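Chemist: So I've got this experimental structure, pasted below with the sequence.
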Amino acid sequence: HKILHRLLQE
Amino acid sequence: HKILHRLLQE
Amino acid sequence: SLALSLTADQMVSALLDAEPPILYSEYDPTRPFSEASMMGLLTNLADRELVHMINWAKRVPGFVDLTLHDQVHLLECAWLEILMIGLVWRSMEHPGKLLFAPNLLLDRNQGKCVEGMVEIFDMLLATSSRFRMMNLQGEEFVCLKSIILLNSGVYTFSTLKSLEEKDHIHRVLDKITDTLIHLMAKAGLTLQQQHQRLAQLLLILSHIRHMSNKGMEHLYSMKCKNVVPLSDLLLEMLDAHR
Amino acid sequence: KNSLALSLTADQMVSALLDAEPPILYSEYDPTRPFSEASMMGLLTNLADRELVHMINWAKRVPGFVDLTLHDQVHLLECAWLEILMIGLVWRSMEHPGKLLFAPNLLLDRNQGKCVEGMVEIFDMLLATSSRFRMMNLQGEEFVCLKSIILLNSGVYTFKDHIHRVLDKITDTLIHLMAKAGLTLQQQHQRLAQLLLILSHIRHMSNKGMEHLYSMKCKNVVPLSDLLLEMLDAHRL
Ligand SMILES: C[C@H]1CCC[C@H](O)CCCCCc2cc(O)cc(O)c2C(=O)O1
Ligand SMILES: C[C@H]1CCC[C@H](O)CCCCCc2cc(O)cc(O)c2C(=O)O1
(Lines give C-alpha, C1' and ligand atoms only; values in the text may rest on other atoms or scores of the structure.)
(Ligands and ions follow the chains in the order given, each with its own letter.)
Protein backbone atom coordinates (compact mmCIF):
# COMPACT_ATOMS: atom_id res chain seq x y z
CA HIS A 1 0.00 0.00 0.00
CA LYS A 2 3.11 2.18 0.02
CA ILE A 3 3.23 4.49 -3.00
CA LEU A 4 6.58 2.98 -3.94
CA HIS A 5 5.02 -0.46 -3.69
CA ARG A 6 2.23 0.47 -6.08
CA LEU A 7 4.50 2.13 -8.65
CA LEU A 8 6.80 -0.90 -8.57
CA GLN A 9 3.71 -2.90 -9.60
CA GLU A 10 1.86 -0.56 -11.95
CA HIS B 1 42.79 23.41 21.69
CA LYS B 2 41.70 19.78 21.40
CA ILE B 3 42.46 16.61 23.30
CA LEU B 4 43.01 15.23 19.81
CA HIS B 5 45.88 17.70 19.24
CA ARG B 6 47.52 16.61 22.48
CA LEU B 7 47.22 12.94 21.64
CA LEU B 8 48.52 13.37 18.11
CA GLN B 9 51.50 15.34 19.48
CA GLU B 10 52.29 13.43 22.67
CA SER C 1 17.71 -15.23 -14.57
CA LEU C 2 19.04 -13.74 -17.80
CA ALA C 3 20.79 -11.07 -15.73
CA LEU C 4 23.57 -13.51 -14.87
CA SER C 5 23.76 -14.57 -18.52
CA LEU C 6 24.84 -11.14 -19.79
CA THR C 7 28.25 -10.44 -21.25
CA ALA C 8 30.00 -7.24 -20.15
CA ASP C 9 29.10 -5.51 -23.41
CA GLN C 10 25.49 -6.51 -22.85
CA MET C 11 25.38 -5.25 -19.28
CA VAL C 12 26.75 -1.86 -20.39
CA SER C 13 24.16 -1.64 -23.20
CA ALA C 14 21.30 -2.58 -20.87
CA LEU C 15 22.30 0.10 -18.36
CA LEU C 16 22.88 2.77 -21.01
CA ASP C 17 19.50 2.04 -22.59
CA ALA C 18 17.79 2.18 -19.19
CA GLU C 19 19.00 5.71 -18.46
CA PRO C 20 16.27 8.14 -17.32
CA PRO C 21 15.96 11.56 -18.98
CA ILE C 22 17.26 14.87 -17.74
CA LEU C 23 14.29 16.83 -16.47
CA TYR C 24 13.62 20.57 -16.42
CA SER C 25 12.71 22.58 -13.33
CA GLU C 26 9.68 24.87 -13.24
CA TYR C 27 12.24 27.51 -12.19
CA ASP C 28 10.74 30.95 -12.73
CA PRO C 29 13.89 33.14 -12.84
CA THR C 30 11.72 36.19 -12.24
CA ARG C 31 10.55 34.92 -8.86
CA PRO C 32 12.87 36.18 -6.10
CA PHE C 33 14.35 33.30 -4.12
CA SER C 34 13.16 32.43 -0.64
CA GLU C 35 14.12 29.36 1.36
CA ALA C 36 10.57 28.09 0.87
CA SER C 37 10.63 28.45 -2.92
CA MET C 38 14.11 27.01 -3.47
CA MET C 39 13.18 23.93 -1.47
CA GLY C 40 9.94 24.06 -3.41
CA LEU C 41 11.91 23.71 -6.63
CA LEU C 42 14.25 21.03 -5.29
CA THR C 43 11.61 18.78 -3.78
CA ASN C 44 9.40 19.15 -6.86
CA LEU C 45 12.31 18.07 -9.03
CA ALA C 46 13.19 15.21 -6.70
CA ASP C 47 9.61 13.99 -6.80
CA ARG C 48 9.57 13.96 -10.61
CA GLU C 49 13.01 12.29 -10.75
CA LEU C 50 11.81 9.63 -8.31
CA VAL C 51 9.10 8.46 -10.70
CA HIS C 52 11.59 7.97 -13.53
CA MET C 53 14.00 6.34 -11.04
CA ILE C 54 11.42 3.73 -10.05
CA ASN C 55 10.93 2.81 -13.67
CA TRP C 56 14.67 2.82 -14.35
CA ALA C 57 15.21 0.41 -11.44
CA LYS C 58 12.88 -2.11 -13.11
CA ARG C 59 15.31 -2.12 -16.06
CA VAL C 60 18.50 -2.82 -14.10
CA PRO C 61 19.39 -6.47 -14.75
CA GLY C 62 18.46 -8.65 -11.79
CA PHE C 63 16.25 -6.09 -10.08
CA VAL C 64 12.84 -7.51 -10.97
CA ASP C 65 14.06 -10.99 -10.02
CA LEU C 66 13.71 -9.80 -6.44
CA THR C 67 10.47 -9.99 -4.47
CA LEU C 68 8.48 -6.78 -4.44
CA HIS C 69 9.20 -6.18 -0.77
CA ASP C 70 12.92 -6.54 -1.45
CA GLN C 71 12.69 -4.07 -4.35
CA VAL C 72 10.87 -1.62 -2.10
CA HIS C 73 13.55 -1.91 0.56
CA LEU C 74 16.43 -1.34 -1.86
CA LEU C 75 14.86 1.78 -3.40
CA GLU C 76 13.88 3.05 0.04
CA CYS C 77 17.47 2.79 1.21
CA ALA C 78 19.11 4.06 -1.98
CA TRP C 79 16.82 6.76 -3.38
CA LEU C 80 18.71 9.88 -2.26
CA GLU C 81 22.12 8.36 -3.06
CA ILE C 82 20.88 7.62 -6.57
CA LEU C 83 19.51 11.17 -7.00
CA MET C 84 22.79 12.57 -5.72
CA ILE C 85 25.11 10.55 -7.95
CA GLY C 86 22.97 11.67 -10.89
CA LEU C 87 23.20 15.33 -9.88
CA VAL C 88 26.97 15.07 -9.44
CA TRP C 89 27.27 13.42 -12.84
CA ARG C 90 25.17 16.18 -14.51
CA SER C 91 27.28 18.83 -12.76
CA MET C 92 30.68 17.45 -13.72
CA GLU C 93 31.30 19.93 -16.56
CA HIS C 94 30.16 22.88 -14.45
CA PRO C 95 32.92 23.53 -11.89
CA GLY C 96 31.48 25.20 -8.79
CA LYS C 97 27.89 24.59 -9.87
CA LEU C 98 25.23 21.95 -9.30
CA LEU C 99 23.11 21.31 -12.37
CA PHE C 100 19.81 20.29 -10.81
CA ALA C 101 18.37 20.85 -14.26
CA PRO C 102 19.52 22.52 -17.49
CA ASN C 103 17.50 25.60 -16.43
CA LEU C 104 18.51 25.41 -12.76
CA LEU C 105 22.22 25.75 -11.96
CA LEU C 106 22.98 26.74 -8.38
CA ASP C 107 26.26 27.57 -6.68
CA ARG C 108 27.16 27.35 -3.01
CA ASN C 109 26.11 30.94 -2.32
CA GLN C 110 22.57 30.13 -3.46
CA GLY C 111 22.75 27.06 -1.23
CA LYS C 112 22.83 29.31 1.82
CA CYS C 113 19.29 30.40 0.94
CA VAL C 114 18.20 27.29 2.83
CA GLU C 115 19.24 26.59 6.42
CA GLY C 116 21.65 23.68 6.72
CA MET C 117 21.89 23.33 2.95
CA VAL C 118 25.27 24.86 2.15
CA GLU C 119 27.18 22.04 3.85
CA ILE C 120 25.43 19.53 1.59
CA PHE C 121 26.14 21.66 -1.49
CA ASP C 122 29.82 21.66 -0.60
CA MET C 123 29.96 17.88 -0.36
CA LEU C 124 28.19 17.48 -3.69
CA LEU C 125 30.54 19.98 -5.35
CA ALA C 126 33.54 18.13 -3.94
CA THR C 127 32.23 14.85 -5.41
CA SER C 128 31.75 16.48 -8.82
CA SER C 129 35.33 17.75 -8.60
CA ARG C 130 36.51 14.24 -7.77
CA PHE C 131 34.59 12.84 -10.74
CA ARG C 132 36.30 15.44 -12.92
CA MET C 133 39.74 14.66 -11.44
CA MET C 134 39.16 10.98 -12.33
CA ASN C 135 37.66 11.72 -15.74
CA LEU C 136 34.71 9.50 -14.92
CA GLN C 137 33.15 7.93 -18.03
CA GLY C 138 29.40 7.60 -18.69
CA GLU C 139 29.72 3.82 -18.84
CA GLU C 140 31.38 3.81 -15.41
CA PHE C 141 28.73 6.13 -13.98
CA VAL C 142 25.80 3.86 -14.97
CA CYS C 143 27.60 0.86 -13.41
CA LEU C 144 28.14 2.78 -10.16
CA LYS C 145 24.54 3.97 -10.04
CA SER C 146 23.30 0.36 -10.39
CA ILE C 147 25.80 -0.74 -7.74
CA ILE C 148 24.19 1.77 -5.34
CA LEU C 149 20.70 0.48 -6.02
CA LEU C 150 21.76 -3.12 -5.32
CA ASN C 151 24.24 -2.52 -2.49
CA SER C 152 22.89 0.19 -0.23
CA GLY C 153 20.14 -1.83 1.44
CA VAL C 154 21.60 -5.28 1.03
CA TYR C 155 22.63 -5.48 4.72
CA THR C 156 19.48 -4.04 6.30
CA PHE C 157 17.03 -6.63 4.94
CA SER C 158 13.08 -13.29 8.09
CA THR C 159 13.95 -16.87 7.19
CA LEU C 160 16.74 -18.90 5.58
CA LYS C 161 15.01 -18.24 2.24
CA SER C 162 15.12 -14.46 2.59
CA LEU C 163 18.88 -15.06 2.57
CA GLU C 164 18.78 -16.55 -0.94
CA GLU C 165 17.27 -13.25 -2.04
CA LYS C 166 20.47 -11.59 -0.84
CA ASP C 167 22.63 -14.11 -2.72
CA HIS C 168 21.17 -13.16 -6.09
CA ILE C 169 22.02 -9.51 -5.43
CA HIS C 170 25.65 -10.40 -4.69
CA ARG C 171 25.95 -12.32 -7.96
CA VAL C 172 24.61 -9.35 -9.93
CA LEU C 173 26.97 -7.05 -8.06
CA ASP C 174 29.86 -9.31 -9.10
CA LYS C 175 28.70 -9.06 -12.73
CA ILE C 176 28.80 -5.27 -12.56
CA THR C 177 32.31 -5.45 -11.10
CA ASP C 178 33.29 -7.67 -14.03
CA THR C 179 31.77 -5.02 -16.28
CA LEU C 180 33.71 -2.14 -14.70
CA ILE C 181 36.98 -4.04 -15.09
CA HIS C 182 36.03 -4.83 -18.70
CA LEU C 183 35.54 -1.11 -19.46
CA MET C 184 38.88 -0.19 -17.91
CA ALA C 185 40.73 -2.95 -19.75
CA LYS C 186 39.14 -1.70 -22.99
CA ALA C 187 40.35 1.81 -22.13
CA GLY C 188 43.94 0.56 -22.19
CA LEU C 189 44.50 0.47 -18.43
CA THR C 190 47.05 -1.94 -17.00
CA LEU C 191 45.96 -4.59 -14.48
CA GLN C 192 47.38 -2.49 -11.65
CA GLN C 193 45.56 0.63 -12.92
CA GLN C 194 42.31 -1.32 -13.27
CA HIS C 195 42.35 -2.46 -9.64
CA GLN C 196 43.37 1.01 -8.46
CA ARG C 197 40.61 2.75 -10.43
CA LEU C 198 37.99 0.22 -9.36
CA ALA C 199 38.90 0.99 -5.76
CA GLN C 200 38.89 4.73 -6.33
CA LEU C 201 35.40 4.49 -7.84
CA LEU C 202 33.94 2.26 -5.15
CA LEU C 203 35.38 4.38 -2.35
CA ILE C 204 33.37 7.34 -3.62
CA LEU C 205 30.25 5.33 -2.77
CA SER C 206 31.16 5.77 0.89
CA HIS C 207 31.07 9.55 0.48
CA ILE C 208 27.76 9.33 -1.39
CA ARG C 209 26.30 7.32 1.50
CA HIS C 210 27.48 10.04 3.86
CA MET C 211 25.90 12.83 1.83
CA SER C 212 22.65 10.89 1.62
CA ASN C 213 22.64 10.38 5.40
CA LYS C 214 23.22 14.10 5.97
CA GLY C 215 20.58 14.97 3.34
CA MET C 216 18.03 12.70 5.00
CA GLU C 217 18.46 14.54 8.31
CA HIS C 218 18.15 17.82 6.43
CA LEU C 219 14.89 16.69 4.80
CA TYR C 220 13.54 15.59 8.17
CA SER C 221 14.20 19.04 9.64
CA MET C 222 12.53 20.68 6.63
CA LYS C 223 9.50 18.51 7.27
CA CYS C 224 9.47 19.52 10.94
CA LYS C 225 9.93 23.20 10.11
CA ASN C 226 7.05 22.81 7.64
CA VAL C 227 7.96 25.76 5.37
CA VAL C 228 7.68 23.72 2.16
CA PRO C 229 4.98 21.06 1.64
CA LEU C 230 6.34 17.63 0.74
CA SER C 231 5.06 15.20 -1.88
CA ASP C 232 3.47 12.09 -0.39
CA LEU C 233 6.09 9.93 -2.10
CA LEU C 234 8.91 11.98 -0.58
CA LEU C 235 7.33 11.76 2.89
CA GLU C 236 6.99 7.98 2.67
CA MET C 237 10.61 7.72 1.48
CA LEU C 238 11.73 9.82 4.44
CA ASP C 239 9.52 7.73 6.70
CA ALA C 240 11.27 4.54 5.61
CA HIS C 241 14.50 5.95 7.06
CA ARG C 242 12.79 6.53 10.41
CA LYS D 1 58.41 16.18 0.82
CA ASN D 2 58.45 12.61 -0.52
CA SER D 3 56.67 10.09 1.73
CA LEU D 4 58.40 6.86 2.78
CA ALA D 5 55.00 5.17 2.52
CA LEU D 6 55.06 5.06 -1.26
CA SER D 7 58.42 3.25 -1.31
CA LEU D 8 57.17 0.26 0.70
CA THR D 9 56.60 -3.13 -0.88
CA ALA D 10 53.35 -5.00 -0.27
CA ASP D 11 54.97 -7.17 2.41
CA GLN D 12 56.39 -4.12 4.15
CA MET D 13 52.95 -2.48 4.07
CA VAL D 14 51.26 -5.59 5.53
CA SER D 15 53.95 -5.90 8.23
CA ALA D 16 53.73 -2.23 9.16
CA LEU D 17 49.94 -2.41 9.58
CA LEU D 18 49.96 -5.66 11.59
CA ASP D 19 52.64 -4.23 13.87
CA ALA D 20 50.57 -1.07 14.34
CA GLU D 21 47.48 -2.93 15.61
CA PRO D 22 46.09 -1.64 18.92
CA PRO D 23 45.39 -4.10 21.76
CA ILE D 24 42.08 -5.66 22.72
CA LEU D 25 40.91 -3.96 25.91
CA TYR D 26 38.76 -5.15 28.80
CA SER D 27 35.60 -3.73 30.33
CA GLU D 28 34.79 -3.79 34.09
CA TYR D 29 34.84 -7.12 35.97
CA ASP D 30 31.46 -6.49 37.65
CA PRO D 31 29.14 -9.45 36.83
CA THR D 32 25.93 -7.53 37.66
CA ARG D 33 23.18 -8.44 35.16
CA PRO D 34 21.10 -7.34 33.50
CA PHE D 35 22.23 -3.83 32.50
CA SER D 36 20.40 -0.55 32.72
CA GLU D 37 20.49 1.99 29.90
CA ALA D 38 22.77 4.19 32.00
CA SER D 39 25.14 1.35 33.02
CA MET D 40 25.39 -0.20 29.57
CA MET D 41 26.09 3.18 27.97
CA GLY D 42 28.55 3.89 30.77
CA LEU D 43 30.55 0.76 29.95
CA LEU D 44 30.39 1.37 26.19
CA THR D 45 31.38 5.04 26.26
CA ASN D 46 34.17 4.29 28.75
CA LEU D 47 35.48 1.60 26.40
CA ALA D 48 35.11 3.89 23.39
CA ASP D 49 37.19 6.52 25.18
CA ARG D 50 39.99 4.07 25.97
CA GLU D 51 40.02 2.55 22.46
CA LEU D 52 40.20 6.05 21.01
CA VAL D 53 43.45 6.78 22.80
CA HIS D 54 44.99 3.64 21.25
CA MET D 55 43.46 4.54 17.90
CA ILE D 56 45.22 7.90 17.77
CA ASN D 57 48.51 6.11 18.39
CA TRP D 58 47.71 3.41 15.82
CA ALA D 59 46.96 6.09 13.20
CA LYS D 60 50.40 7.66 13.74
CA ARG D 61 51.83 4.31 12.66
CA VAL D 62 49.80 3.88 9.46
CA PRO D 63 52.31 4.49 6.65
CA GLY D 64 51.87 7.95 5.19
CA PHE D 65 49.62 9.31 7.93
CA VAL D 66 52.25 11.35 9.76
CA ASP D 67 53.40 12.85 6.46
CA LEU D 68 50.20 14.91 6.54
CA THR D 69 49.96 18.17 8.43
CA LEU D 70 48.64 17.99 11.98
CA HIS D 71 45.44 19.66 10.78
CA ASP D 72 44.82 17.04 8.08
CA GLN D 73 45.52 14.28 10.61
CA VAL D 74 42.90 15.85 12.88
CA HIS D 75 40.33 16.13 10.11
CA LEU D 76 40.76 12.51 9.02
CA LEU D 77 40.43 11.16 12.56
CA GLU D 78 37.46 13.36 13.42
CA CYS D 79 35.67 12.13 10.29
CA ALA D 80 36.56 8.42 10.67
CA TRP D 81 36.75 7.68 14.40
CA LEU D 82 33.42 5.88 14.86
CA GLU D 83 33.81 3.92 11.59
CA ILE D 84 37.22 2.76 12.79
CA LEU D 85 35.82 1.67 16.19
CA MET D 86 33.02 -0.15 14.42
CA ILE D 87 35.12 -2.07 11.93
CA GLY D 88 37.34 -3.14 14.84
CA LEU D 89 34.30 -4.30 16.84
CA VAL D 90 32.91 -6.19 13.86
CA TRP D 91 36.28 -7.89 13.30
CA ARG D 92 36.52 -8.94 16.99
CA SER D 93 32.97 -10.30 16.84
CA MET D 94 33.44 -12.32 13.68
CA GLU D 95 34.00 -15.68 15.38
CA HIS D 96 30.98 -15.09 17.63
CA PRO D 97 27.86 -15.31 15.40
CA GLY D 98 25.04 -13.31 16.99
CA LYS D 99 27.18 -11.40 19.49
CA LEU D 100 29.20 -8.18 19.62
CA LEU D 101 32.52 -8.70 21.38
CA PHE D 102 33.00 -5.20 22.77
CA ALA D 103 35.54 -6.73 25.12
CA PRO D 104 36.43 -10.34 25.97
CA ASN D 105 34.41 -9.80 29.17
CA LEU D 106 31.68 -7.78 27.48
CA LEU D 107 30.13 -9.96 24.78
CA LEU D 108 26.60 -8.71 24.05
CA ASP D 109 23.65 -9.96 21.96
CA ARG D 110 20.91 -7.94 20.27
CA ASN D 111 18.50 -8.44 23.16
CA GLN D 112 20.96 -6.63 25.40
CA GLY D 113 21.03 -3.94 22.73
CA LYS D 114 17.38 -3.26 23.58
CA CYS D 115 18.55 -2.12 27.04
CA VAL D 116 19.39 1.20 25.40
CA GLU D 117 16.92 3.41 23.54
CA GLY D 118 17.66 3.47 19.80
CA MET D 119 20.50 0.97 20.20
CA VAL D 120 19.11 -2.35 18.98
CA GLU D 121 18.96 -1.00 15.40
CA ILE D 122 22.68 -0.30 15.50
CA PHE D 123 23.45 -3.69 17.03
CA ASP D 124 21.53 -5.31 14.18
CA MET D 125 23.55 -3.48 11.56
CA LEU D 126 26.84 -4.39 13.25
CA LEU D 127 25.79 -8.03 13.59
CA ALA D 128 24.95 -8.15 9.87
CA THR D 129 28.37 -6.72 9.01
CA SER D 130 30.05 -9.26 11.27
CA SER D 131 28.12 -12.09 9.63
CA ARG D 132 29.08 -10.80 6.17
CA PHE D 133 32.78 -10.71 7.08
CA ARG D 134 32.56 -14.18 8.57
CA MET D 135 30.88 -15.55 5.45
CA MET D 136 33.60 -13.93 3.27
CA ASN D 137 36.31 -15.48 5.44
CA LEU D 138 37.90 -12.07 6.02
CA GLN D 139 41.59 -12.42 6.93
CA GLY D 140 43.39 -10.28 9.48
CA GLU D 141 45.72 -8.96 6.80
CA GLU D 142 42.73 -7.80 4.73
CA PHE D 143 41.11 -6.31 7.82
CA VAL D 144 44.07 -4.09 8.66
CA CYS D 145 44.06 -2.88 5.04
CA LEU D 146 40.35 -2.00 5.15
CA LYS D 147 40.73 -0.21 8.46
CA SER D 148 43.57 2.01 7.16
CA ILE D 149 41.53 2.71 4.01
CA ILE D 150 38.69 4.06 6.20
CA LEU D 151 41.14 6.35 8.04
CA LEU D 152 42.50 7.81 4.80
CA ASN D 153 39.32 7.81 2.69
CA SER D 154 36.45 8.94 4.86
CA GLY D 155 37.50 12.56 5.29
CA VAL D 156 39.44 13.05 2.06
CA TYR D 157 36.60 14.63 -0.01
CA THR D 158 35.74 17.17 2.68
CA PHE D 159 39.17 18.75 2.38
CA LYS D 160 44.61 15.03 -1.26
CA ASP D 161 47.14 13.75 -3.79
CA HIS D 162 49.39 12.15 -1.21
CA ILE D 163 46.34 10.51 0.41
CA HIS D 164 45.10 9.07 -2.87
CA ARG D 165 48.55 7.70 -3.68
CA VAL D 166 48.68 6.01 -0.27
CA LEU D 167 45.17 4.60 -0.83
CA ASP D 168 46.40 3.19 -4.16
CA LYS D 169 49.32 1.56 -2.39
CA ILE D 170 46.86 -0.09 0.01
CA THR D 171 44.76 -1.36 -2.92
CA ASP D 172 47.91 -2.88 -4.41
CA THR D 173 48.52 -4.47 -1.01
CA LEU D 174 45.01 -5.91 -0.78
CA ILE D 175 45.33 -7.38 -4.28
CA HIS D 176 48.76 -8.72 -3.33
CA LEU D 177 47.19 -10.55 -0.37
CA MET D 178 44.42 -12.07 -2.52
CA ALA D 179 46.79 -13.29 -5.21
CA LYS D 180 49.01 -14.66 -2.44
CA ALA D 181 46.01 -16.57 -1.09
CA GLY D 182 45.40 -18.23 -4.47
CA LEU D 183 42.47 -16.24 -5.91
CA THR D 184 42.22 -15.87 -9.68
CA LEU D 185 42.30 -12.40 -11.25
CA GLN D 186 38.50 -12.36 -11.54
CA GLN D 187 38.18 -13.46 -7.91
CA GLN D 188 40.61 -10.78 -6.77
CA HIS D 189 38.71 -7.90 -8.33
CA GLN D 190 35.33 -9.32 -7.27
CA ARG D 191 36.62 -9.66 -3.71
CA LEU D 192 38.18 -6.21 -3.74
CA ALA D 193 34.80 -4.80 -4.74
CA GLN D 194 32.89 -6.85 -2.14
CA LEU D 195 35.14 -5.56 0.64
CA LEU D 196 35.06 -1.91 -0.45
CA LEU D 197 31.26 -2.00 -0.78
CA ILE D 198 31.01 -3.01 2.87
CA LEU D 199 32.71 0.30 3.68
CA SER D 200 29.56 2.07 2.48
CA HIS D 201 27.57 0.18 5.11
CA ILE D 202 30.17 1.06 7.77
CA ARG D 203 29.79 4.75 6.90
CA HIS D 204 26.02 4.37 7.25
CA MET D 205 26.37 2.73 10.66
CA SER D 206 28.74 5.46 11.81
CA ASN D 207 26.28 8.15 10.77
CA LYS D 208 23.43 6.45 12.64
CA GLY D 209 25.75 5.97 15.59
CA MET D 210 26.67 9.65 15.61
CA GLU D 211 22.99 10.61 15.79
CA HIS D 212 22.60 8.17 18.65
CA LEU D 213 25.55 9.70 20.51
CA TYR D 214 24.13 13.19 20.07
CA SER D 215 20.79 12.17 21.58
CA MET D 216 22.68 10.59 24.50
CA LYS D 217 24.59 13.85 24.94
CA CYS D 218 21.24 15.71 24.94
CA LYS D 219 19.64 13.27 27.41
CA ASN D 220 22.58 14.15 29.67
CA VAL D 221 22.29 10.97 31.74
CA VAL D 222 25.58 9.34 30.76
CA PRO D 223 28.86 11.17 31.47
CA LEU D 224 30.88 11.54 28.27
CA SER D 225 34.62 12.17 28.16
CA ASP D 226 35.85 15.51 26.87
CA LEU D 227 37.55 13.59 24.07
CA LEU D 228 34.33 11.82 23.07
CA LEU D 229 32.45 15.10 23.29
CA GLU D 230 35.00 16.77 21.01
CA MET D 231 34.95 13.93 18.45
CA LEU D 232 31.13 14.17 18.42
CA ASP D 233 31.19 17.95 18.06
CA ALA D 234 33.41 17.71 14.98
CA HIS D 235 30.44 16.19 13.20
CA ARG D 236 28.49 19.40 13.93
CA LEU D 237 25.54 17.10 14.44
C1 LIG E 1 21.18 19.16 -2.53
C2 LIG E 1 20.37 17.95 -2.06
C3 LIG E 1 19.75 18.24 -0.70
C4 LIG E 1 19.35 16.99 -0.03
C5 LIG E 1 18.47 17.26 1.16
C6 LIG E 1 17.06 17.74 0.81
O7 LIG E 1 16.39 18.12 1.96
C8 LIG E 1 16.24 16.67 0.16
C9 LIG E 1 15.17 17.22 -0.84
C10 LIG E 1 15.75 18.04 -1.99
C11 LIG E 1 16.21 17.21 -3.11
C12 LIG E 1 16.94 17.98 -4.15
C13 LIG E 1 17.49 17.14 -5.09
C14 LIG E 1 16.72 16.90 -6.20
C15 LIG E 1 17.12 16.10 -7.22
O16 LIG E 1 16.35 15.85 -8.27
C17 LIG E 1 18.34 15.53 -7.16
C18 LIG E 1 19.15 15.77 -6.08
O19 LIG E 1 20.35 15.19 -6.05
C20 LIG E 1 18.78 16.55 -5.01
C21 LIG E 1 19.72 16.76 -3.95
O22 LIG E 1 20.82 16.27 -3.99
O23 LIG E 1 19.37 17.58 -2.99
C1 LIG F 1 27.35 -0.10 19.17
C2 LIG F 1 27.91 1.29 18.92
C3 LIG F 1 26.91 2.32 19.29
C4 LIG F 1 27.38 3.62 18.77
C5 LIG F 1 26.61 4.77 19.32
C6 LIG F 1 27.02 5.22 20.66
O7 LIG F 1 26.22 6.24 21.01
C8 LIG F 1 28.45 5.71 20.67
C9 LIG F 1 29.07 5.56 22.09
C10 LIG F 1 29.30 4.13 22.42
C11 LIG F 1 30.40 3.53 21.63
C12 LIG F 1 30.50 2.05 21.80
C13 LIG F 1 31.54 1.44 21.08
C14 LIG F 1 32.75 1.28 21.76
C15 LIG F 1 33.84 0.68 21.19
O16 LIG F 1 35.00 0.56 21.84
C17 LIG F 1 33.73 0.21 19.92
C18 LIG F 1 32.54 0.35 19.22
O19 LIG F 1 32.49 -0.14 18.01
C20 LIG F 1 31.42 0.94 19.78
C21 LIG F 1 30.22 1.01 19.03
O22 LIG F 1 30.14 0.51 17.95
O23 LIG F 1 29.18 1.54 19.62
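Modeler: Right, received. Where do you want to start? Residues are numbered from 1 along each chain as shown, chains lettered A, B, ... in the order given. Ligands and ions are numbered 1, 2, ... in the order given.
Chemist: For the closest residue to residue C:241 other than its chain neighbours, give me its contacts.
Modeler: Leaving out its chain neighbours, the residue that sits closest to residue C:241 by C-beta to C-beta, 6 or more residues apart in numbering or on different chains is residue C:216, at 5.2 Å. C-betas here are computed from N, CA, C, even on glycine. Taking C-beta atoms under 8 Å, 6 or more residues apart in numbering or on different chains, we find residue C:216 in contact with C:80, C:238, C:241.
Chemist: Looking at those residues, spot the one nearest residue A:1.
Modeler: Taking C-beta to C-beta as the measure, residue A:1 lies nearest residue C:238 of these, at 17.0 Å.
Chemist: Distance check, the residue most central in space within chain A against residue C:45.
Modeler: Residue closest to the mean C-alpha point of chain A, counted by C-alpha atoms, centre = their mean, is residue A:6 at 1.6 Å. Going from residue A:6 to residue C:45 by C-beta to C-beta, to the nearest Å gives 22 Å.
Chemist: now residue C:139
Modeler: In terms of C-beta to C-beta, residue C:139 sits 25 Å off from residue C:45.
Chemist: Please name the nearest non-neighbouring residue to the residue in chain A positioned nearest to chain B.
Modeler: Sorted by distance to chain B under C-beta to the nearest C-beta, the residues of chain A start with residue A:4, at 42.4 Å. Spatial nearest neighbour of residue A:4, excluding adjacent residues (C-beta to C-beta, 6+ apart): residue C:72 at 5.4 Å.
Chemist: ok, that neighbour to residue C:213 distance?
Modeler: Distance, residue C:72 to residue C:213, by C-beta to C-beta: 20 Å.
Chemist: quick one, helices of chain A?
Modeler: Taking DSSP state H as the criterion, chain A contains helices spanning A:3-9.
Chemist: Residue C:153: neighbour count?
Modeler: As a burial measure, residue C:153 scores 22 neighbours (other C-beta atoms under 10 Å in any protein chain shown).
Chemist: could you list every residue that touches residue A:3?
Modeler: By C-beta under 8 Å, 6+ apart, the residues touching residue A:3 are C:232-233, C:236.
Chemist: same check, this time on residue C:60
Modeler: C:14-15, C:18, C:146, C:149-150.
Chemist: tell me the phi and psi of residue C:100?
Modeler: Torsion angles at residue C:100 (phi, psi; degrees, to the nearest 10) stand at phi -60, psi -40.
Chemist: Surely it and residue C:110 touch.
Modeler: No: contact criterion C-beta atoms under 8 Å: residue C:100 and residue C:110 do not qualify, at 10.5 Å.
Chemist: out of those two, which sits in the busier spot?
Modeler: When residue C:100 is set against residue C:110 and neighbours are counted by other C-beta under 10 Å, the residue ahead is residue C:100, at 22 against 17.
Chemist: ok, the more buried one - contacts?
Modeler: Residues near residue C:100 by C-beta under 8 Å, 6+ apart: C:25, C:41-42, C:45, C:87, C:90, C:106.
Chemist: What of residue A:9?
Modeler: Under the criterion of C-beta under 8 Å, 6+ apart, the neighbours of residue A:9 are residue C:68.
Chemist: circling back to that earlier point, and the residue nearest to residue A:4, which helix or strand is it part of?
Modeler: In this structure, residue C:72 sits in helix C:68-90 according to DSSP states H and E.
Chemist: what's the angle between that helix and helix D:185-219?
Modeler: If you take axes from the mean of the first three to the mean of the last three C-alpha atoms, to 10 degrees, helix C:68-90 sits at 90 degrees to helix D:185-219.
Chemist: Contacts (any at all) between ligand 1 and helix C:68-90?
Modeler: Yes: counting by C-beta under 6 Å from any ligand atom, ligand 1 has neighbours in helix C:68-90: C:83-84, C:87.
Chemist: tell me which of the residues you listed is nearest to chain A?
Modeler: Out of those, the member with the shortest distance to chain A (by C-beta to the nearest C-beta) is residue C:83, at 14.2 Å.
Chemist: Am I right that the closest one is in contact with residue C:48?
Modeler: No: look at residue C:83 against residue C:48 with C-beta under 8 Å: they stay out of range, at 10.9 Å.
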